[PDB]
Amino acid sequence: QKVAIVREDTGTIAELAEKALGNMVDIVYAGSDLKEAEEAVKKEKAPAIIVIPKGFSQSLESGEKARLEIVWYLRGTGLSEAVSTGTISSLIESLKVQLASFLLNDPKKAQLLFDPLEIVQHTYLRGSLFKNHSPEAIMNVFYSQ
């Protein structure tokens, strides 16, 4: 799967999230500019940008779920898109596992073991932007007729 990673957080554990994600995907853009990640994605017809926002590292150091956003670019509602959705979701689960050793430090951090991330999802369908919705949600709406 082709993914852009946009890392806005300069902290070590953020860097580590980026690294973990990037070993599991086909990096199409890796950096701090969301406009440019959007451009690599539209060019590449890649399905998602994963954003590691500013505050990610600090949350985790505070014993707070870190925010991770996925912007999805759906250009169709078929098999390939379903495969990307499921595959990238699977990759986010795996990232949680690849963060765990870093959460062993404080007691503050111990919840985070099982549930370290707060995943926010946005969906482009045919160039319509549905903020704060996952593709499942968007698809369940439309197909609920």
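Position 1 is the first residue in the sequence shown; the rest follow in order.
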item: 61 to 69 versus 28 to 36 - greater average Cα B-factor per the deposited record; value: 61 to 69
item: Higher-scoring stretch by recorded Cα B factor average, 41 to 49 or 113 to 121; value: 41 to 49
item: Where the record places residue 132 (Cα B-factor, split into thirds across the chain); value: middle
item: Cα B factor band for residue 4 (lowest, middle or highest third within the chain); value: lowest
